[PDB]
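Peer 1: My structure is below; once you've seen it, I'll send some questions.
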Amino acid sequence: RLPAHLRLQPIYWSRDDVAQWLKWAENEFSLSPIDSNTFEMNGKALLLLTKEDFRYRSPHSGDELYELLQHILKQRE
């Protein structure tokens, strides 16, 4: 249900796309707010992080954000 620029496969997201994803997720999932620059990297890099890495970058929402990314990956072939 993403901002239109994010409807691509995540491996194609820019660093700014990742930031917009965080902003969208915080509102969509009622998350504790994080710096939208928390993951200073593009989508290809984001896909190399493990769930533990996500929790380290965001203790309050990293587990959710990781599973959200997984859920998004179920969308496109």
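Following the order of the structure tokens, first chain is A, next is B, and so on, with residues numbered from 1 inside each chain and ligands from 1 in the order they appear.
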Please extract the residues of chain A with a backbone DSSP assignment of helix (DSSP H, G or I) and present them as a PyMOL selection string.

Peer 2: chain A and resi 4-6+10-12+15-28+43-46+51-57+62-73

Peer 1: Do you know which residues are at most 9 Å from residue 6 of chain A counting only C-alpha atoms, after dropping those on the same chain fewer than 5 positions away, and could you put them as a list in words?

Peer 2: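 Close residues of residue 6 of chain A: residues 12, 13, 17, 18, 20 and 21 of chain A.
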
Peer 1: Give me a file of those residues, with N, CA, C and O atoms, as an mmCIF file, in the first residue's frame.

Peer 2:
data_model
loop_
_atom_site.group_PDB
_atom_site.id
_atom_site.type_symbol
_atom_site.label_atom_id
_atom_site.label_comp_id
_atom_site.auth_asym_id
_atom_site.auth_seq_id
_atom_site.Cartn_x
_atom_site.Cartn_y
_atom_site.Cartn_z
ATOM 1 N N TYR A 12 15.788 -2.356 -6.063
ATOM 2 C CA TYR A 12 15.905 -1.169 -6.880
ATOM 3 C C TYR A 12 15.721 0.138 -6.110
ATOM 4 O O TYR A 12 15.889 1.212 -6.707
ATOM 5 N N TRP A 13 15.351 0.088 -4.835
ATOM 6 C CA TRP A 13 15.134 1.312 -4.076
ATOM 7 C C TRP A 13 16.414 2.118 -3.916
ATOM 8 O O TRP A 13 17.476 1.568 -3.596
ATOM 9 N N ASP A 17 14.627 6.346 -1.315
ATOM 10 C CA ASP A 17 13.448 5.487 -1.242
ATOM 11 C C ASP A 17 13.361 4.801 0.093
ATOM 12 O O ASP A 17 12.265 4.651 0.652
ATOM 13 N N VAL A 18 14.500 4.312 0.595
ATOM 14 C CA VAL A 18 14.510 3.642 1.902
ATOM 15 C C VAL A 18 14.025 4.597 2.991
ATOM 16 O O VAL A 18 13.222 4.223 3.851
ATOM 17 N N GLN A 20 12.002 7.146 2.600
ATOM 18 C CA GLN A 20 10.572 7.350 2.457
ATOM 19 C C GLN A 20 9.809 6.138 2.975
ATOM 20 O O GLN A 20 8.728 6.275 3.538
ATOM 21 N N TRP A 21 10.367 4.954 2.786
ATOM 22 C CA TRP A 21 9.756 3.736 3.301
ATOM 23 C C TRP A 21 9.612 3.791 4.817
ATOM 24 O O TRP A 21 8.538 3.495 5.356
#

Peer 1: With only C-alpha atoms as the counted atoms, please give the residues lying no more than 12 Å from residue 68 of chain A, apart from itself and same-chain residues fewer than 2 positions off, as a PDB file with N, CA, C and O atoms, in the first residue's frame.

Peer 2:
ATOM      1  N   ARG A   1       0.829  -1.203   0.000  1.00  0.00           N
ATOM      2  CA  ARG A   1       0.000   0.000   0.000  1.00  0.00           C
ATOM      3  C   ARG A   1       0.874   1.269   0.000  1.00  0.00           C
ATOM      4  O   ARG A   1       0.451   2.332   0.479  1.00  0.00           O
ATOM      5  N   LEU A   2       2.104   1.147  -0.617  1.00  0.00           N
ATOM      6  CA  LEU A   2       3.276   1.999  -0.446  1.00  0.00           C
ATOM      7  C   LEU A   2       3.191   3.290  -1.249  1.00  0.00           C
ATOM      8  O   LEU A   2       2.432   3.392  -2.213  1.00  0.00           O
ATOM      9  N   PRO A  10      12.366  -4.016  -3.904  1.00  0.00           N
ATOM     10  CA  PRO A  10      13.293  -3.294  -3.016  1.00  0.00           C
ATOM     11  C   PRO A  10      14.733  -3.249  -3.489  1.00  0.00           C
ATOM     12  O   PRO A  10      15.445  -2.313  -3.126  1.00  0.00           O
ATOM     13  N   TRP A  21      10.367   4.954   2.786  1.00  0.00           N
ATOM     14  CA  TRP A  21       9.756   3.736   3.301  1.00  0.00           C
ATOM     15  C   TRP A  21       9.612   3.791   4.817  1.00  0.00           C
ATOM     16  O   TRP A  21       8.538   3.495   5.356  1.00  0.00           O
ATOM     17  N   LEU A  22      10.675   4.215   5.512  1.00  0.00           N
ATOM     18  CA  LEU A  22      10.625   4.344   6.968  1.00  0.00           C
ATOM     19  C   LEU A  22       9.543   5.320   7.394  1.00  0.00           C
ATOM     20  O   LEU A  22       8.754   5.038   8.304  1.00  0.00           O
ATOM     21  N   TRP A  24       6.881   6.183   5.784  1.00  0.00           N
ATOM     22  CA  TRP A  24       5.575   5.606   5.511  1.00  0.00           C
ATOM     23  C   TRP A  24       5.227   4.541   6.535  1.00  0.00           C
ATOM     24  O   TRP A  24       4.095   4.502   7.049  1.00  0.00           O
ATOM     25  N   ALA A  25       6.196   3.674   6.836  1.00  0.00           N
ATOM     26  CA  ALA A  25       5.985   2.585   7.779  1.00  0.00           C
ATOM     27  C   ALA A  25       5.638   3.103   9.161  1.00  0.00           C
ATOM     28  O   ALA A  25       4.778   2.543   9.846  1.00  0.00           O
ATOM     29  N   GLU A  26       6.321   4.147   9.611  1.00  0.00           N
ATOM     30  CA  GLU A  26       6.033   4.668  10.942  1.00  0.00           C
ATOM     31  C   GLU A  26       4.556   5.034  11.056  1.00  0.00           C
ATOM     32  O   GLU A  26       3.884   4.701  12.035  1.00  0.00           O
ATOM     33  N   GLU A  28       1.986   4.008   8.872  1.00  0.00           N
ATOM     34  CA  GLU A  28       1.095   2.904   8.543  1.00  0.00           C
ATOM     35  C   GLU A  28       0.964   1.919   9.706  1.00  0.00           C
ATOM     36  O   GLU A  28      -0.120   1.362   9.946  1.00  0.00           O
ATOM     37  N   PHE A  29       2.050   1.705  10.446  1.00  0.00           N
ATOM     38  CA  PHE A  29       2.086   0.667  11.475  1.00  0.00           C
ATOM     39  C   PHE A  29       2.166   1.230  12.874  1.00  0.00           C
ATOM     40  O   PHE A  29       2.386   0.467  13.824  1.00  0.00           O
ATOM     41  N   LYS A  51      18.143  -9.704  10.392  1.00  0.00           N
ATOM     42  CA  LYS A  51      17.166  -9.167  11.342  1.00  0.00           C
ATOM     43  C   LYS A  51      17.876  -8.579  12.559  1.00  0.00           C
ATOM     44  O   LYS A  51      17.464  -7.538  13.091  1.00  0.00           O
ATOM     45  N   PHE A  54      18.898  -5.185  11.796  1.00  0.00           N
ATOM     46  CA  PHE A  54      17.767  -4.265  11.872  1.00  0.00           C
ATOM     47  C   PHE A  54      17.486  -3.862  13.323  1.00  0.00           C
ATOM     48  O   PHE A  54      17.242  -2.684  13.619  1.00  0.00           O
ATOM     49  N   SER A  61      11.846  -0.671  16.510  1.00  0.00           N
ATOM     50  CA  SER A  61      11.013  -1.120  15.397  1.00  0.00           C
ATOM     51  C   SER A  61      11.742  -1.996  14.385  1.00  0.00           C
ATOM     52  O   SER A  61      11.144  -2.352  13.355  1.00  0.00           O
ATOM     53  N   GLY A  62      12.982  -2.405  14.660  1.00  0.00           N
ATOM     54  CA  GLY A  62      13.744  -3.148  13.666  1.00  0.00           C
ATOM     55  C   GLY A  62      13.142  -4.497  13.307  1.00  0.00           C
ATOM     56  O   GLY A  62      13.181  -4.907  12.143  1.00  0.00           O
ATOM     57  N   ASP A  63      12.616  -5.221  14.299  1.00  0.00           N
ATOM     58  CA  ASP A  63      11.983  -6.504  14.002  1.00  0.00           C
ATOM     59  C   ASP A  63      10.798  -6.316  13.054  1.00  0.00           C
ATOM     60  O   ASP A  63      10.709  -6.978  12.012  1.00  0.00           O
ATOM     61  N   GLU A  64       9.885  -5.403  13.395  1.00  0.00           N
ATOM     62  CA  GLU A  64       8.780  -5.083  12.494  1.00  0.00           C
ATOM     63  C   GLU A  64       9.265  -4.662  11.110  1.00  0.00           C
ATOM     64  O   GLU A  64       8.749  -5.143  10.087  1.00  0.00           O
ATOM     65  N   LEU A  65      10.224  -3.726  11.049  1.00  0.00           N
ATOM     66  CA  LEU A  65      10.668  -3.241   9.739  1.00  0.00           C
ATOM     67  C   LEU A  65      11.233  -4.372   8.902  1.00  0.00           C
ATOM     68  O   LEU A  65      10.980  -4.431   7.688  1.00  0.00           O
ATOM     69  N   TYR A  66      11.977  -5.296   9.539  1.00  0.00           N
ATOM     70  CA  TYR A  66      12.515  -6.468   8.839  1.00  0.00           C
ATOM     71  C   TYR A  66      11.396  -7.320   8.261  1.00  0.00           C
ATOM     72  O   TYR A  66      11.438  -7.711   7.079  1.00  0.00           O
ATOM     73  N   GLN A  70      10.243  -8.225   4.392  1.00  0.00           N
ATOM     74  CA  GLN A  70       9.904  -9.556   3.893  1.00  0.00           C
ATOM     75  C   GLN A  70       8.529  -9.589   3.248  1.00  0.00           C
ATOM     76  O   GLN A  70       8.329 -10.216   2.195  1.00  0.00           O
ATOM     77  N   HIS A  71       7.554  -8.967   3.898  1.00  0.00           N
ATOM     78  CA  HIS A  71       6.207  -8.945   3.369  1.00  0.00           C
ATOM     79  C   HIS A  71       6.181  -8.259   2.006  1.00  0.00           C
ATOM     80  O   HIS A  71       5.486  -8.700   1.075  1.00  0.00           O
ATOM     81  N   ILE A  72       6.934  -7.169   1.879  1.00  0.00           N
ATOM     82  CA  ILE A  72       6.998  -6.456   0.604  1.00  0.00           C
ATOM     83  C   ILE A  72       7.610  -7.334  -0.475  1.00  0.00           C
ATOM     84  O   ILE A  72       7.187  -7.316  -1.646  1.00  0.00           O
ATOM     85  N   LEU A  73       8.616  -8.124  -0.097  1.00  0.00           N
ATOM     86  CA  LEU A  73       9.232  -9.022  -1.063  1.00  0.00           C
ATOM     87  C   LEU A  73       8.281 -10.104  -1.542  1.00  0.00           C
ATOM     88  O   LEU A  73       8.525 -10.688  -2.601  1.00  0.00           O
ATOM     89  N   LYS A  74       7.204 -10.394  -0.809  1.00  0.00           N
ATOM     90  CA  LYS A  74       6.222 -11.340  -1.323  1.00  0.00           C
ATOM     91  C   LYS A  74       5.333 -10.741  -2.406  1.00  0.00           C
ATOM     92  O   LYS A  74       4.535 -11.472  -2.997  1.00  0.00           O
ATOM     93  N   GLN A  75       5.428  -9.434  -2.646  1.00  0.00           N
ATOM     94  CA  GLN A  75       4.498  -8.787  -3.555  1.00  0.00           C
ATOM     95  C   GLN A  75       4.863  -9.038  -5.021  1.00  0.00           C
ATOM     96  O   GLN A  75       3.989  -9.399  -5.826  1.00  0.00           O
TER      97      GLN A  75
END

Peer 1: Just the number, please: distance in Å from atom CA of residue 43 of chain A to atom CA of residue 15 of chain A, one decimal.

Peer 2: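 Value for the atom CA of residue 43 of chain A-atom CA of residue 15 of chain A distance: 6.7 Å.
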
Peer 1: Report, in Å with one decimal, the straight-line distance from atom CA of residue 56 of chain A to atom CA of residue 4 of chain A.

Peer 2: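 Atom CA of residue 4 of chain A lies at a distance of 28.4 Å from atom CA of residue 56 of chain A.
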
Peer 1: To one decimal place in Å, what is the distance between atom CA of residue 46 of chain A and atom CA of residue 58 of chain A?

Peer 2: 13.2 Å

Peer 1: Using only C-alpha atoms for the distances, tell me which of A:45, A:35, A:7, A:52 is nearest to residue 23 of chain A.

Peer 2: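 Residue with the minimum atom-to-atom distance to residue 23 of chain A: A:35.
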
Peer 1: Point out the residue among A:69, A:48, A:11, A:19 with the least atom-to-atom distance to residue 36 of chain A, counting only C-alpha atoms.

Peer 2: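 When distances to residue 36 of chain A are compared using only C-alpha atoms, the smallest one comes from A:19.
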